[PDB]
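What's in data.txt: compact mmCIF, C-alpha atoms
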```
# COMPACT_ATOMS: atom_id res chain seq x y z
CA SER Q 1 24.20 37.13 -6.67
CA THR Q 2 20.60 36.37 -7.58
CA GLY Q 3 18.62 33.66 -9.29
CA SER Q 4 15.23 33.54 -10.97
CA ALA Q 5 13.37 30.46 -12.25
CA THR Q 6 9.90 29.80 -13.60
CA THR Q 7 7.78 27.25 -11.72
CA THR Q 8 5.05 25.39 -13.65
CA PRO Q 9 1.98 23.45 -12.47
CA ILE Q 10 2.34 19.73 -13.12
CA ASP Q 11 -1.32 19.34 -14.11
CA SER Q 12 -4.59 21.22 -14.66
CA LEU Q 13 -5.38 21.23 -10.91
CA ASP Q 14 -2.10 22.78 -9.67
CA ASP Q 15 -1.43 19.60 -7.65
CA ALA Q 16 2.23 20.63 -7.45
CA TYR Q 17 4.75 22.86 -9.21
CA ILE Q 18 8.05 21.93 -10.88
CA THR Q 19 11.09 24.16 -11.36
CA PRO Q 20 14.07 23.26 -13.59
CA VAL Q 21 17.34 22.71 -11.73
CA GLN Q 22 20.79 22.19 -13.26
CA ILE Q 23 22.86 19.50 -11.49
CA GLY Q 24 26.43 18.50 -12.35
CA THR Q 25 28.98 19.16 -15.08
CA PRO Q 26 27.88 19.11 -17.86
CA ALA Q 27 24.50 20.18 -16.58
CA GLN Q 28 21.78 17.59 -16.07
CA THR Q 29 18.45 19.41 -15.87
CA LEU Q 30 15.81 17.90 -13.58
CA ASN Q 31 12.38 19.30 -12.74
CA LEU Q 32 12.13 19.47 -8.97
CA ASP Q 33 9.33 20.20 -6.52
CA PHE Q 34 10.48 23.20 -4.46
CA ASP Q 35 9.26 22.42 -0.93
CA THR Q 36 9.40 24.97 1.90
CA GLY Q 37 8.09 22.19 4.19
CA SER Q 38 11.18 19.95 3.99
CA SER Q 39 14.93 20.32 3.87
CA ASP Q 40 16.32 17.59 1.56
CA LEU Q 41 17.32 18.03 -2.09
CA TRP Q 42 16.80 14.53 -3.49
CA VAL Q 43 16.54 13.22 -7.04
CA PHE Q 44 15.61 10.21 -9.07
CA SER Q 45 18.92 8.78 -10.20
CA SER Q 46 20.84 6.04 -11.96
CA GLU Q 47 20.80 4.32 -8.53
CA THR Q 48 17.01 4.26 -8.17
CA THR Q 49 15.49 0.77 -8.26
CA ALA Q 50 14.58 0.38 -11.92
CA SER Q 51 11.00 -0.82 -11.28
CA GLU Q 52 10.40 2.40 -9.31
CA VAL Q 53 11.29 4.74 -12.20
CA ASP Q 54 8.42 5.41 -14.66
CA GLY Q 55 9.19 8.36 -16.92
CA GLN Q 56 11.19 10.59 -14.59
CA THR Q 57 14.44 12.23 -15.65
CA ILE Q 58 17.33 10.81 -13.62
CA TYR Q 59 20.59 12.24 -12.30
CA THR Q 60 23.59 10.08 -13.24
CA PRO Q 61 26.48 11.12 -10.97
CA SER Q 62 29.03 9.06 -12.89
CA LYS Q 63 28.48 11.41 -15.88
CA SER Q 64 29.22 14.56 -13.83
CA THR Q 65 32.87 15.53 -13.51
CA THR Q 66 32.09 17.56 -10.36
CA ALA Q 67 30.14 14.84 -8.52
CA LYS Q 68 31.78 13.37 -5.41
CA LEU Q 69 30.37 10.62 -3.21
CA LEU Q 70 29.78 11.90 0.32
CA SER Q 71 31.32 8.85 1.95
CA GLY Q 72 29.12 7.03 4.44
CA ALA Q 73 26.17 9.41 4.16
CA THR Q 74 22.62 8.12 3.79
CA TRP Q 75 19.21 9.74 3.91
CA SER Q 76 15.65 8.61 4.51
CA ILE Q 77 12.55 10.77 4.62
CA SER Q 78 8.80 10.34 5.11
CA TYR Q 79 6.35 13.09 4.20
CA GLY Q 80 3.00 14.09 5.66
CA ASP Q 81 1.13 12.42 2.78
CA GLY Q 82 2.65 9.03 3.66
CA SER Q 83 5.18 9.00 0.81
CA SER Q 84 8.89 8.27 1.34
CA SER Q 85 12.30 7.89 -0.30
CA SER Q 86 15.85 7.03 0.72
CA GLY Q 87 19.35 6.64 -0.64
CA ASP Q 88 22.96 7.88 -0.58
CA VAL Q 89 24.51 11.29 -1.13
CA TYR Q 90 26.78 13.13 -3.56
CA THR Q 91 28.05 16.66 -3.52
CA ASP Q 92 27.80 18.47 -6.84
CA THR Q 93 27.22 21.81 -8.50
CA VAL Q 94 23.58 22.90 -8.46
CA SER Q 95 22.18 25.95 -10.24
CA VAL Q 96 18.68 27.46 -10.06
CA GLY Q 97 17.76 30.25 -12.45
CA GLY Q 98 21.35 31.44 -12.85
CA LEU Q 99 22.34 31.09 -9.18
CA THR Q 100 25.07 28.49 -8.59
CA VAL Q 101 26.04 26.59 -5.42
CA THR Q 102 29.12 24.39 -5.40
CA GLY Q 103 29.35 21.46 -3.04
CA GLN Q 104 25.58 21.10 -2.62
CA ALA Q 105 24.42 17.82 -1.12
CA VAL Q 106 22.45 16.00 -3.85
CA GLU Q 107 20.61 13.09 -2.24
CA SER Q 108 20.39 10.23 -4.74
CA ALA Q 109 17.35 7.97 -4.35
CA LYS Q 110 17.84 4.23 -4.16
CA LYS Q 111 14.17 3.72 -3.19
CA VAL Q 112 11.03 5.83 -3.70
CA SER Q 113 7.48 5.03 -2.68
CA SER Q 114 4.71 4.39 -5.16
CA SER Q 115 3.28 7.92 -5.23
CA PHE Q 116 6.64 9.23 -6.48
CA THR Q 117 6.95 6.48 -9.10
CA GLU Q 118 3.42 7.21 -10.28
CA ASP Q 119 4.14 10.91 -10.86
CA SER Q 120 6.31 11.07 -13.99
CA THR Q 121 6.47 14.90 -13.89
CA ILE Q 122 8.42 15.26 -10.63
CA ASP Q 123 12.12 14.28 -10.76
CA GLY Q 124 12.79 15.05 -7.09
CA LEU Q 125 12.38 17.64 -4.36
CA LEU Q 126 14.39 20.72 -3.43
CA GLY Q 127 13.80 21.48 0.23
CA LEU Q 128 13.66 25.08 1.47
CA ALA Q 129 12.71 24.68 5.15
CA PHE Q 130 15.41 25.04 7.77
CA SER Q 131 18.46 22.80 7.58
CA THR Q 132 17.77 21.40 11.05
CA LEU Q 133 15.18 19.10 9.33
CA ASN Q 134 17.67 17.66 6.83
CA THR Q 135 17.73 13.86 7.09
CA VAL Q 136 21.32 13.10 6.01
CA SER Q 137 23.17 10.90 8.49
CA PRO Q 138 25.65 10.91 10.18
CA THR Q 139 26.45 14.49 9.04
CA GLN Q 140 23.39 16.70 8.46
CA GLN Q 141 23.58 18.76 5.26
CA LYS Q 142 22.48 22.29 4.38
CA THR Q 143 19.70 23.31 2.02
CA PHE Q 144 20.40 25.01 -1.28
CA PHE Q 145 19.15 28.31 0.19
CA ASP Q 146 21.36 27.94 3.26
CA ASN Q 147 24.44 27.31 1.09
CA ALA Q 148 23.64 30.23 -1.25
CA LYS Q 149 22.56 32.76 1.40
CA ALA Q 150 25.89 34.44 2.09
CA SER Q 151 26.43 35.07 -1.65
CA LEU Q 152 22.94 36.48 -2.26
CA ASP Q 153 22.39 40.22 -2.62
CA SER Q 154 19.76 39.86 0.13
CA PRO Q 155 19.24 36.69 2.28
CA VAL Q 156 15.76 35.97 0.91
CA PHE Q 157 13.84 33.91 -1.57
CA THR Q 158 10.31 34.51 -2.84
CA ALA Q 159 7.50 32.25 -4.02
CA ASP Q 160 5.07 33.57 -6.63
CA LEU Q 161 2.90 30.57 -7.55
CA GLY Q 162 0.38 30.86 -10.37
CA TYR Q 163 -3.25 29.80 -10.46
CA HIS Q 164 -3.48 27.48 -13.45
CA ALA Q 165 -0.42 29.29 -14.80
CA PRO Q 166 3.35 29.45 -14.38
CA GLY Q 167 4.94 31.47 -11.60
CA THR Q 168 8.39 32.35 -10.28
CA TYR Q 169 10.89 31.50 -7.54
CA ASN Q 170 13.43 34.28 -7.01
CA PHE Q 171 16.57 34.08 -4.88
CA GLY Q 172 18.34 37.06 -3.42
CA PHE Q 173 16.01 39.88 -4.43
CA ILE Q 174 12.43 41.09 -4.11
CA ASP Q 175 10.82 41.91 -7.49
CA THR Q 176 8.78 44.99 -6.61
CA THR Q 177 6.82 44.65 -9.89
CA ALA Q 178 5.42 41.23 -8.92
CA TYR Q 179 2.94 42.33 -6.24
CA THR Q 180 0.43 45.07 -5.43
CA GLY Q 181 0.35 47.22 -2.35
CA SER Q 182 2.93 46.58 0.35
CA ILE Q 183 4.48 43.45 1.84
CA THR Q 184 3.35 42.70 5.39
CA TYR Q 185 5.96 40.87 7.42
CA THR Q 186 5.13 38.52 10.30
CA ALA Q 187 7.16 36.66 12.90
CA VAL Q 188 8.51 33.14 12.33
CA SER Q 189 9.29 30.35 14.77
CA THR Q 190 12.04 27.98 13.59
CA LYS Q 191 11.58 25.69 16.59
CA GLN Q 192 10.03 22.88 14.49
CA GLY Q 193 12.29 23.54 11.50
CA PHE Q 194 9.44 25.09 9.47
CA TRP Q 195 8.48 28.55 8.23
CA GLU Q 196 5.98 28.65 11.10
CA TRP Q 197 3.87 31.76 11.67
CA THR Q 198 0.57 32.89 13.21
CA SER Q 199 -2.27 34.14 11.05
CA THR Q 200 -4.50 36.74 12.68
CA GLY Q 201 -7.83 35.27 11.50
CA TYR Q 202 -10.15 34.54 8.61
CA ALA Q 203 -13.31 35.40 6.71
CA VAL Q 204 -15.58 33.27 4.50
CA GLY Q 205 -16.77 35.03 1.36
CA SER Q 206 -18.16 38.46 2.14
CA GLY Q 207 -18.53 37.49 5.80
CA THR Q 208 -17.09 39.43 8.69
CA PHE Q 209 -13.50 38.82 9.67
CA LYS Q 210 -12.96 36.61 12.72
CA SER Q 211 -9.93 37.60 14.77
CA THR Q 212 -8.28 34.42 16.02
CA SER Q 213 -4.68 33.21 16.08
CA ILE Q 214 -3.96 30.30 13.71
CA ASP Q 215 -0.44 28.87 14.00
CA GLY Q 216 0.65 27.20 10.78
CA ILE Q 217 3.44 26.64 8.27
CA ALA Q 218 4.05 28.13 4.84
CA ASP Q 219 4.54 24.96 2.78
CA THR Q 220 4.92 25.11 -1.00
CA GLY Q 221 5.15 21.30 -1.07
CA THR Q 222 1.58 20.81 0.17
CA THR Q 223 -1.24 21.27 -2.34
CA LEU Q 224 -4.13 22.27 -0.10
CA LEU Q 225 -4.94 24.56 2.82
CA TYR Q 226 -5.26 22.63 6.12
CA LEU Q 227 -6.90 24.52 8.97
CA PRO Q 228 -8.68 23.78 12.26
CA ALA Q 229 -11.94 21.90 11.97
CA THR Q 230 -13.94 24.86 13.35
CA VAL Q 231 -12.65 27.11 10.55
CA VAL Q 232 -13.12 24.49 7.82
CA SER Q 233 -16.66 23.71 8.99
CA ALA Q 234 -17.52 27.43 8.86
CA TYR Q 235 -16.26 27.62 5.27
CA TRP Q 236 -18.04 24.55 3.86
CA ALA Q 237 -21.28 25.48 5.61
CA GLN Q 238 -21.55 28.27 3.01
CA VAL Q 239 -21.59 25.74 0.12
CA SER Q 240 -24.92 23.99 -0.47
CA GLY Q 241 -24.49 20.23 -0.46
CA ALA Q 242 -20.94 20.23 0.87
CA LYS Q 243 -20.10 17.51 3.37
CA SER Q 244 -17.17 15.77 4.99
CA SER Q 245 -16.85 12.28 3.53
CA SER Q 246 -14.88 9.68 5.47
CA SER Q 247 -14.81 7.40 2.41
CA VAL Q 248 -13.28 10.08 0.22
CA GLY Q 249 -11.09 11.50 2.99
CA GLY Q 250 -12.25 15.10 3.28
CA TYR Q 251 -14.79 17.73 2.36
CA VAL Q 252 -16.48 17.26 -1.03
CA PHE Q 253 -18.97 19.55 -2.72
CA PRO Q 254 -21.24 19.51 -5.76
CA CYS Q 255 -19.19 20.28 -8.83
CA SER Q 256 -22.03 22.58 -9.90
CA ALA Q 257 -21.36 24.93 -6.95
CA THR Q 258 -19.83 28.38 -7.07
CA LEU Q 259 -17.39 28.52 -4.17
CA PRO Q 260 -16.98 31.53 -1.87
CA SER Q 261 -13.62 33.11 -1.36
CA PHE Q 262 -11.55 32.60 1.80
CA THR Q 263 -9.57 35.39 3.46
CA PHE Q 264 -6.71 34.91 5.90
CA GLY Q 265 -5.05 37.53 8.06
CA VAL Q 266 -1.39 38.54 8.00
CA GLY Q 267 -1.08 41.01 10.84
CA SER Q 268 -3.48 43.82 9.92
CA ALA Q 269 -3.37 42.79 6.23
CA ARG Q 270 -5.67 40.38 4.38
CA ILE Q 271 -5.00 37.82 1.62
CA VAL Q 272 -8.05 36.75 -0.40
CA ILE Q 273 -8.14 33.26 -1.92
CA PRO Q 274 -10.69 33.34 -4.78
CA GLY Q 275 -13.31 30.61 -4.63
CA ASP Q 276 -12.11 29.00 -7.88
CA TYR Q 277 -8.74 28.29 -6.22
CA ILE Q 278 -10.54 25.97 -3.76
CA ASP Q 279 -12.02 23.65 -6.48
CA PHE Q 280 -9.89 20.52 -6.99
CA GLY Q 281 -12.26 18.87 -9.39
CA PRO Q 282 -14.09 15.57 -9.55
CA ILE Q 283 -13.15 13.00 -6.87
CA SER Q 284 -12.94 10.42 -9.68
CA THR Q 285 -13.17 10.86 -13.42
CA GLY Q 286 -16.68 11.83 -14.45
CA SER Q 287 -18.00 12.28 -10.91
CA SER Q 288 -20.20 15.24 -10.04
CA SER Q 289 -18.65 15.26 -6.53
CA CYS Q 290 -15.67 17.63 -6.36
CA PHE Q 291 -12.84 17.69 -3.85
CA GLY Q 292 -12.40 20.75 -1.66
CA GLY Q 293 -9.18 22.75 -1.41
CA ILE Q 294 -9.69 23.66 2.25
CA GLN Q 295 -9.48 20.65 4.57
CA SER Q 296 -9.26 19.95 8.27
CA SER Q 297 -5.86 19.76 9.94
CA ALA Q 298 -7.29 17.83 12.90
CA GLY Q 299 -5.49 14.61 11.86
CA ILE Q 300 -2.13 16.29 11.09
CA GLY Q 301 -0.99 18.03 14.25
CA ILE Q 302 -0.25 21.31 12.47
CA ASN Q 303 -2.04 23.79 10.24
CA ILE Q 304 -0.62 24.02 6.71
CA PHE Q 305 -0.75 27.09 4.48
CA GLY Q 306 -0.20 25.08 1.31
CA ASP Q 307 -0.33 26.08 -2.34
CA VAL Q 308 -4.05 26.98 -2.24
CA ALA Q 309 -3.20 29.82 0.15
CA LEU Q 310 0.29 30.70 -1.04
CA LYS Q 311 -0.69 31.03 -4.74
CA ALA Q 312 -2.99 33.90 -3.74
CA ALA Q 313 0.03 35.90 -2.54
CA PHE Q 314 3.54 37.03 -3.23
CA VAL Q 315 5.44 35.38 -0.37
CA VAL Q 316 8.84 36.45 0.97
CA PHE Q 317 10.90 33.88 2.85
CA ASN Q 318 13.31 36.18 4.73
CA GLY Q 319 16.33 34.22 5.98
CA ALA Q 320 17.92 37.08 7.90
CA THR Q 321 19.47 36.28 11.29
CA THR Q 322 15.94 36.44 12.70
CA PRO Q 323 13.77 34.95 9.92
CA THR Q 324 10.41 36.42 9.00
CA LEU Q 325 7.71 35.81 6.39
CA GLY Q 326 6.22 38.49 4.15
CA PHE Q 327 2.90 38.41 2.30
CA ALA Q 328 1.59 40.75 -0.39
CA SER Q 329 -1.44 40.67 -2.63
CA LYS Q 330 -0.80 40.42 -6.36
```
Step by step, read the file and then write its structure as structure tokens.
Amino acid sequence: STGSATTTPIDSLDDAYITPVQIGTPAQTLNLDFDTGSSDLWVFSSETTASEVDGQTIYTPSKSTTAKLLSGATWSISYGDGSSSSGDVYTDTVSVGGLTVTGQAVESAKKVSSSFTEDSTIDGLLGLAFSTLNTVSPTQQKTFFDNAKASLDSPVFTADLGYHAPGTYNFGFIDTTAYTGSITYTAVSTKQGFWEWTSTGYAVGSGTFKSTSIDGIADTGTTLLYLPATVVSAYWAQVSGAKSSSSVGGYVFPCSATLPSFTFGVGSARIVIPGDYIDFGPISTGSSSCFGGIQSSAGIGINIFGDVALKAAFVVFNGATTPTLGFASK
């Protein structure tokens, strides 16, 4: 089997991407944030505290003839941006782009933090990291990809995120028309539960390539590119007027600037992030200070190849017995 679904930016900055997901019988369609940095499929629901729902579409398990309460199971998750959610668990039928999994754990939110309430465009998350990170207790549950894998034509999914435009998540096949050149594959460590890999270096603009190992995760659920402070300082030094602002919480730059590109290494291959991809617009409405798309990871504990990097590539998440990541230009 295969599946194919369009993913759409939630706003003009590509702050996140939503993908329609069918849950239950008859289908209830929710727009979920596909997140290769976490491993829970959770949704706004009929159980979510009413004051914490503000425009989202909700899953109502009592209206699904295939929903079953997973007795005694709860979940609770906190994300790197400080947001959180928690609740109980159903199993139900879940379909993505024509690909159907029966018995998928659908984690129903009883509580969500304010940043989720405040984003009316995201109805939940669909995690695509390794199932060892799944938060369901006392019986950990499998991701949608893990449940589907055995049925897929090939044990892979691919992320093709658009810049200011829709893109595609495919399951079970590699669309050879969606990228240029060849796909370069690179080793993955699953030891932290993430799609963790080592980039071979970077360049700023037309600068020379610096060979240096950068361990990080491929994370579709993170907007920006988080890299070591040395690297980030080298990038923003090429932008007149750019500075790290403690009050804003990162590097800002004059909105009148033209940003240089940023290249990262995948083995001997190179992925080029155009400068425009690194502009996240005014820090506040009407400001001439703009927020940078490349930020320091020093306060995280891990480097994060978020959407800013991944949208410049066609990315293969290869879930073979020994997982690997593949990157192509497009």
Report task. Would you kindly return, as a ChimeraX atom specification, each protein, DNA or RNA residue with an atom no farther than 12 Å from any atom of residue 173 (chain Q), considering all atoms listed in the file and excluding same-chain residues fewer than 2 positions away? Result -> /Q:1-4,99,149,151-159,169-171,175-178,316-319
Could you work out an axis-aligned box for region 268-272 of chain Q, taking every atom the file lists and adding 5 Å on each side, and report centre and edge lengths in Å to one decimal, as AutoDock Vina command-line options?
```
--center_x -5.7 --center_y 40.3 --center_z 4.8 --size_x 14.7 --size_y 17.1 --size_z 20.3
```
Query raised in the report: Counting only C-alpha atoms, what is within 9 Å of residue 226 (chain Q), bar same-chain residues fewer than 3 positions away, as a ChimeraX atom specification?
Result: /Q:216,229,232,293-298,300,302-306
Write out, as CSV, each residue of region 131-210 of chain Q that has an atom at most 10 Å from region 19-31 of chain Q, together with the closest pair of atoms and their distance in Å to one decimal, counting only C-alpha atoms, rows going by chain and rising number.
```
residue,atom,partner,partner_atom,distance
Q:166,CA,Q:19,CA,9.8
Q:167,CA,Q:19,CA,9.6
Q:168,CA,Q:19,CA,8.7
Q:169,CA,Q:19,CA,8.3
```
Requested in this report: Extract, using all atoms listed in the file, all DNA, RNA and protein residues at most 7 Å from region 247-252 of chain Q, discarding same-chain residues fewer than 6 positions from it, and format them as a PyMOL selection string.
Outcome: chain Q and resi 289-292+295
Next, the residues of the selection above should be written as a compact mmCIF listing (two decimals), in the coordinates of the input with C-alpha atoms.
```txt
# COMPACT_ATOMS: atom_id res chain seq x y z
CA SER Q 289 -18.65 15.26 -6.53
CA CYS Q 290 -15.67 17.63 -6.36
CA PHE Q 291 -12.84 17.69 -3.85
CA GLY Q 292 -12.40 20.75 -1.66
CA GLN Q 295 -9.48 20.65 4.57
```
Report task. Excluding residue 57 (chain Q) and residues on its chain fewer than 3 positions from it, collect all residues at most 10 Å away from it, counting all atoms listed in the file, and give them as a PyMOL selection string. Result -> chain Q and resi 28-31+43-46+53-54+60+120-124
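Between residue 49 (chain Q) and the candidates Q:109, Q:271, Q:69, Q:174, the tightest atom-to-atom separation, counting all atoms listed in the file, involves Q:109.
With all atoms listed in the file as the atoms that count, the residue of Q:326, Q:9, Q:299, Q:267 with the shortest distance to residue 199 (chain Q) is Q:267.
CA of residue 105 (chain Q) sits 11.9 Å away from CA of residue 137 (chain Q).
Of the listed residues (Q:132, Q:244, Q:74, Q:263), Q:263 comes nearest to residue 225 (chain Q); the distances count only C-alpha atoms.
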Can you rebuild region 171-200 of chain Q with N, CA and C atoms and give it as a compact mmCIF listing (two decimals), in the coordinates of the input?
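Output file result_1.txt is given in full below:
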```txt
# COMPACT_ATOMS: atom_id res chain seq x y z
N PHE Q 171 15.60 34.18 -5.96
CA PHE Q 171 16.57 34.08 -4.88
C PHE Q 171 17.40 35.35 -4.82
N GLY Q 172 17.45 35.95 -3.64
CA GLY Q 172 18.34 37.06 -3.42
C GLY Q 172 17.80 38.43 -3.71
N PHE Q 173 16.57 38.56 -4.19
CA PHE Q 173 16.01 39.88 -4.43
C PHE Q 173 14.49 39.82 -4.38
N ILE Q 174 13.88 40.97 -4.15
CA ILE Q 174 12.43 41.09 -4.11
C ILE Q 174 12.01 41.93 -5.31
N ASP Q 175 11.31 41.29 -6.25
CA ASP Q 175 10.82 41.91 -7.49
C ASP Q 175 9.62 42.77 -7.12
N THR Q 176 9.84 44.08 -7.03
CA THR Q 176 8.78 44.99 -6.61
C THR Q 176 7.70 45.16 -7.66
N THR Q 177 7.87 44.63 -8.88
CA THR Q 177 6.82 44.65 -9.89
C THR Q 177 5.89 43.45 -9.82
N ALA Q 178 6.16 42.49 -8.94
CA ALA Q 178 5.42 41.23 -8.92
C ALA Q 178 4.25 41.22 -7.94
N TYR Q 179 4.01 42.30 -7.21
CA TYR Q 179 2.94 42.33 -6.24
C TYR Q 179 2.34 43.73 -6.21
N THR Q 180 1.14 43.82 -5.63
CA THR Q 180 0.43 45.07 -5.43
C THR Q 180 0.52 45.46 -3.96
N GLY Q 181 0.34 46.75 -3.71
CA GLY Q 181 0.35 47.22 -2.35
C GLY Q 181 1.72 47.03 -1.72
N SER Q 182 1.72 46.76 -0.42
CA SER Q 182 2.93 46.58 0.35
C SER Q 182 3.02 45.15 0.88
N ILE Q 183 4.23 44.76 1.25
CA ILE Q 183 4.48 43.45 1.84
C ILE Q 183 4.32 43.58 3.35
N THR Q 184 3.49 42.74 3.94
CA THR Q 184 3.35 42.70 5.39
C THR Q 184 4.16 41.55 5.95
N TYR Q 185 5.10 41.87 6.82
CA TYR Q 185 5.96 40.87 7.42
C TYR Q 185 5.41 40.42 8.77
N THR Q 186 5.67 39.16 9.10
CA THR Q 186 5.13 38.52 10.30
C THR Q 186 6.18 37.58 10.89
N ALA Q 187 6.13 37.40 12.21
CA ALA Q 187 7.16 36.66 12.90
C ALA Q 187 7.14 35.18 12.55
N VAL Q 188 8.32 34.56 12.62
CA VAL Q 188 8.51 33.14 12.33
C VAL Q 188 9.12 32.47 13.55
N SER Q 189 8.62 31.28 13.88
CA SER Q 189 9.29 30.35 14.77
C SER Q 189 9.98 29.26 13.97
N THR Q 190 11.27 29.07 14.21
CA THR Q 190 12.04 27.98 13.59
C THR Q 190 12.13 26.74 14.48
N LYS Q 191 11.37 26.71 15.57
CA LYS Q 191 11.58 25.69 16.59
C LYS Q 191 11.22 24.29 16.10
N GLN Q 192 10.35 24.16 15.10
CA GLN Q 192 10.03 22.88 14.49
C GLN Q 192 10.71 22.70 13.14
N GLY Q 193 11.61 23.61 12.77
CA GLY Q 193 12.29 23.54 11.50
C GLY Q 193 11.51 24.10 10.33
N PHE Q 194 10.32 24.64 10.55
CA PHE Q 194 9.44 25.09 9.47
C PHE Q 194 9.38 26.61 9.44
N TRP Q 195 8.84 27.14 8.33
CA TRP Q 195 8.48 28.55 8.23
C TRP Q 195 7.13 28.70 8.93
N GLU Q 196 7.17 28.71 10.27
CA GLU Q 196 5.98 28.65 11.10
C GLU Q 196 5.60 30.05 11.56
N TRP Q 197 4.33 30.41 11.40
CA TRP Q 197 3.87 31.76 11.67
C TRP Q 197 2.46 31.68 12.23
N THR Q 198 1.91 32.83 12.62
CA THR Q 198 0.57 32.89 13.21
C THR Q 198 -0.30 33.86 12.43
N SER Q 199 -1.28 33.32 11.72
CA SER Q 199 -2.27 34.14 11.05
C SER Q 199 -3.18 34.78 12.09
N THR Q 200 -3.67 35.97 11.76
CA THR Q 200 -4.50 36.74 12.68
C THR Q 200 -5.99 36.49 12.51
```
